[PDB]
Amino acid sequence: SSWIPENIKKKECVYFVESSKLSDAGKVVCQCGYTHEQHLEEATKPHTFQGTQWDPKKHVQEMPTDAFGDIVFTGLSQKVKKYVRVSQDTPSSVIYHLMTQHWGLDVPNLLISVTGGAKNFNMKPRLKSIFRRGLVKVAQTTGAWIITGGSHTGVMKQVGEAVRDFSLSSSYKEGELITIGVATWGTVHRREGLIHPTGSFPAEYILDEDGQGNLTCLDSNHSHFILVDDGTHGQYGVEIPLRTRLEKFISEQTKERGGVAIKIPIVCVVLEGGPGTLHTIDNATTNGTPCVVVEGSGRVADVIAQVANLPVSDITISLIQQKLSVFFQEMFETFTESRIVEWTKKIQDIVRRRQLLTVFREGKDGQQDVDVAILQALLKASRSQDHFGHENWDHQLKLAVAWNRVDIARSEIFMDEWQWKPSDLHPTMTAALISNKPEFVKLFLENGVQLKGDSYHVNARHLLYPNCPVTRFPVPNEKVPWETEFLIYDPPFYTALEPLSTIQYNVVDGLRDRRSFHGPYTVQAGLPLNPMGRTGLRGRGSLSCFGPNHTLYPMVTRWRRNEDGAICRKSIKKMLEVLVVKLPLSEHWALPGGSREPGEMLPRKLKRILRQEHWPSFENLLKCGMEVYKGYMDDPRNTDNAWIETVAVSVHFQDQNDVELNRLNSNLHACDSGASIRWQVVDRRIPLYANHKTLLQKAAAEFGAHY
Ligand SMILES: [Zn+2]
């Protein structure tokens, strides 16, 4: 295939910096890890002088790849395995197209992810056996893919051992399961021979792990390899960001059965691990991937399992250090102060996402293979999921009946916080009949299936500031207020200095109205101080100006009629319908509002990109109604010197046929320029931004509706 060097890139360094190190057995390399002798071709040439500093974003550039083919190991396995050298920023849409039809990989039905320890790992004889049986049983059925880092060390090798065993002893024989290995190109020992500008496909890879020094050897039982590159040598952890994006894309943005979308189930299992495992778990849970932690594995598994049920407030700095000096004993001397306060924020973030985290207890709980824990995680993540509706949870039940677990399917039926209708069990009963399992059909037909701790700003203290490759300083819930001393505080200053005087803070400084609703706020030097605590950044970021940013997000409401005009009281209480809008390229709807333009009186988005030639009328009507909230939101764009403040005016229509009040509003509400407009029912799982669902929850209780 020659589609590569055409659609897949690799990264290199253009000039050498001469960093002051020795890099084990060597005399300086550049700053990257590669020696001046082999550091491309024009780096040693004096291409003028770009300075004396190293910045990755500045002088690393993409090039067509030269490392892809069919690796065949020397003598331990005479087989063919496909591999490719992708870069760090290749979009997660050409990688899927490369896997589907350039290797011959069919669409999977499960996306198991295995993360854990490396170069420091020793399973107990019983943990190894239970993990082997569970993984073999789970991968034996369905079409599961096993995403795992590729190297000949630790759990990444002891997963390949089980794959090899199941592929050597099987009725269908050969290999019926697909195990993908994503690793970092820099940390590969014998990279030579694996690089050819056109492509070879013997790609012989002699495996020696005696003189590896510091570079891990590639595994020899995985089926496919995706080696990411960043232009760096000997630096692990590059593959952590790309792996989660690819997993999310394959899980929720590739299947189109039923005409809308389907989320392919995905789970991430944890077996021990270190610094690189906590980051992977945080990234996966942030994207929405369920995580299961095997208790007893050690060093990350015990640490996260021992605080998996405690309230987020009491997980403090000194609580980590007490649980970080028993599982990390030889490595405790490495642990510094600026790194413990980072291991704490990540653990707090993982714990507070309690709907995407299960713990596989060892002795007296889940006393079976890991499939029970996987089922529990999938069924708990499908019920608390936001975008895909009630039709998504209907298929993990089918997976459960495929795995012969009847107690797990019984638990979902009898849950008091899950409103399921009786005709919603057909896709599971259909599979129960096919598989000849009387237990499930007997369970179903019985249930009417007749045939005929602390409250601080959370999103403001969120990693990965939007639309920027920057990171915030880790600020745990303990030390967010501006009074508590945080001596390590050294946050970045990203803002898409110091003569900022003549700014009348706490007053209407010209046509800006810099007046916070939560009383007067303080100023440090020439910049304000964020109320409600710290964020982890500084400056202003992607915001108008320092201080409070004012907006006028409205909400509009009608009672949910169905067919007759009587208020359609639902199964529990009244439900009401909110009118929302969608951005042209976004995964969430938004409330019909925005910034208050000077002298506009309308929030610049109900006034533009929306209905026109009627602004004065509804403007004279909007100023009649009860406010439900006024002030600061937990918006993810906040910083230590800038924030967003809002007014929430609720307008309500009692009658659907109330003359032109609702008819003219509905008949005229047409963007004619924008992407899409719609109405939505107000439930606890509406796909809005969290800042908007907060207003919905705080205002739907003012009319008697059920959120
Ligand atoms: Zn370099």
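Taken together, the values in this text are just the output of simple stated rules run on the coordinates, not laboratory data. No Cβ is skipped: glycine too gets one built from the backbone with ideal geometry, and neighbour counts run over all protein chains shown.
For an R0 of 51 angstrom, estimate the FRET efficiency from the Cβ-Cβ distance between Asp658 and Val107 and round to the nearest 0.05. Before the final figure, lay out each step's value.
Details: r = 50 Å, r/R0 = 0.98.
Efficiency, rounded to the nearest 0.05: 0.55.
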Point to revise | Rh by Kirkwood over Cα pairs, then Stokes-Einstein D for segment 459-503 at 1.567 mPa s and 4 °C, µm²/s | key: 100 µm²/s
Point to revise | Dipole-positive endmost among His550, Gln61, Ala203 within the chain (Cβ charges, Cα centre) | key: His550
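Among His224, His47, which comes first, second and so on when ranked by fewest other beta-carbon atoms within 10 Å? Don't jump to the answer; show the numbers that get you there.
Values: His224 18, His47 11.
By the 10 Å Cβ count, ascending, the order reads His47, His224.
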Point to revise | Inter-label distance for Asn287 and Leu310, nm, one decimal - labels placed 7 Å from Cα along Cα-to-Cβ | key: 2.9 nm
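Please work out how much length the chain gains when fully extended from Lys128 to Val260, using 0.36 nm per residue of separation minus the C-alpha to C-alpha distance, in nm with one decimal. Let's see the in-between values first.
Details: separation 132, 0.36 × 132 = 47.52 nm, distance 4.11 nm.
So the chain would gain 43.4 nm between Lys128 and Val260.
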Check your understanding: Taking only the alpha carbons of segment 178-331, what extent do you get along each of the three principal axes, in Å, biggest first?
Key -> 57, 54, 26
Study note, to complete from the structure: Taking only the Cα positions of segment 302-362, the convex hull volume per residue in Å³ is 83 Å³
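Starting from the coordinates of the alpha-carbon atoms of segment 83-180, obtain the Kirkwood hydrodynamic radius over all distinct pairs and give the value in Å to one decimal. Let's see the in-between values first.
Values: mean 1/r = 0.0673 Å⁻¹.
Its Kirkwood hydrodynamic radius stands at 14.9 Å.
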Point to revise | About the Cα centre, charge dipole magnitude for the chain (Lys/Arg +1, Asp/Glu -1 at Cβ), debye | key: 1480 debye
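Ratio of Rg to Rh for the chain, alpha carbon only, Kirkwood? Please list the in-between numbers first.
Numbers: Rg = 28.3 Å, Rh = 28.8 Å.
Rounded to two decimals, Rg/Rh equals 0.98.
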**Study point:** Efficiency of FRET between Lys58 and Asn120 - r from beta-carbon atoms, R0 51 angstrom, step 0.05
**Key:** 0.90
Study note, to complete from the structure: When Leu397, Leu622 are ranked with the fewest other C-beta atoms within 10 Å first, the list becomes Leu622, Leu397
Point to revise | Charge sum, other residues only, whose C-beta stays under 13 Å from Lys10's C-beta, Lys/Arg counted +1 and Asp/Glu -1 | key: -3
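If you take the alpha carbon radius of gyration of segment 9-266 and divide it by 2.2 N^0.38 Å, what ratio comes out, to two decimals?
Values: Rg = 19.7 Å, N = 258, 2.2 N^0.38 = 18.1 Å.
This ratio for segment 9-266 stands at 1.09.
Grab the alpha carbons of segment 551-702, take their convex hull, and tell me the volume per residue in Å³.
Values: hull volume 20.2 nm³, N = 152.
Once divided by residue count, the hull of segment 551-702 is 133 Å³.
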Study note, to complete from the structure: Computed, not fitted: 222 nm per-residue ellipticity of the chain from DSSP H runs ≥ 4 (each -39500 (n - 2.57)), nearest 500, equal to -7500 deg cm²/dmol
Review point. What is the packing order of peptides 140-153, 86-99, taking the mean over residues of other C-beta atoms within 10 Å and listing the highest first?
Key: 140-153, 86-99
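Quick check: net charge around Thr495, other residues with Cβ under 14 Å of its Cβ, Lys/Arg +1 and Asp/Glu -1? Walk me through the numbers before you get to the answer.
Working: positive: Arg472, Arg538, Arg540, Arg637; negative: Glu498, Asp640.
Once positives and negatives cancel, what remains is +2.
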Exercise for review: Rounded to whole Hz and in sequence order, give me ³J(HN,Hα) for segment 178-190 from the Karplus expression 6.51 cos²θ - 1.76 cosθ + 1.60, θ = phi - 60°, writing x for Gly and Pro.
Suggested key: 10, 10, 8, x, 9, 9, 9, 4, x, 9, 10, 6, 9
Check your understanding: Counting only residues 5 or more places away or on other chains, whose amide H sits under 5 Å from the amide H of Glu597 once H atoms are built in the peptide plane?
Key -> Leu602, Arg604
Review point. Nearest-5 percent of antiparallel DSSP beta bridges in the chain?
Key: 40 percent
Point to revise | Built amide H within the under 5 Å cut-off of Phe360, gap 5+ | key: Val293, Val294, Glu295
**Study point:** Karplus 3J(HN,Hα) series, Hz, for segment 263-276 with 6.51 cos²θ - 1.76 cosθ + 1.60 (x for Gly, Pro)
**Key:** 8, 6, x, 9, 9, 10, 9, 10, 9, 6, x, x, x, x
Point to revise | Sites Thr141 and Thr502, calculated FRET efficiency, Cβ-Cβ separation with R0 60 Å, nearest 0.05 | key: 0.30
Study note, to complete from the structure: Taking placed amide H atoms and a strict 5 Å upper bound, the residues 5 or more places from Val182 or on another chain that come that close are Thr148, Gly149, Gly150, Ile226
Practice item. For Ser666 paired with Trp420, estimate the spin-label separation in nm (one decimal), with each label point 7 Å from Cα along the Cα-to-Cβ line. Key: 3.4 nm
Study note, to complete from the structure: Under the Karplus relation with 6.51, -1.76 and 1.60 and θ = phi - 60°, whole-Hz ³J(HN,Hα) for segment 247-256, x at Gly and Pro, equal 4, 5, 4, 5, 6, 10, 9, 9, 9, 9
Study note, to complete from the structure: Once both label points are put 7 Å beyond Cα along the C-beta direction, the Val28-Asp386 separation in nm becomes 5.1 nm
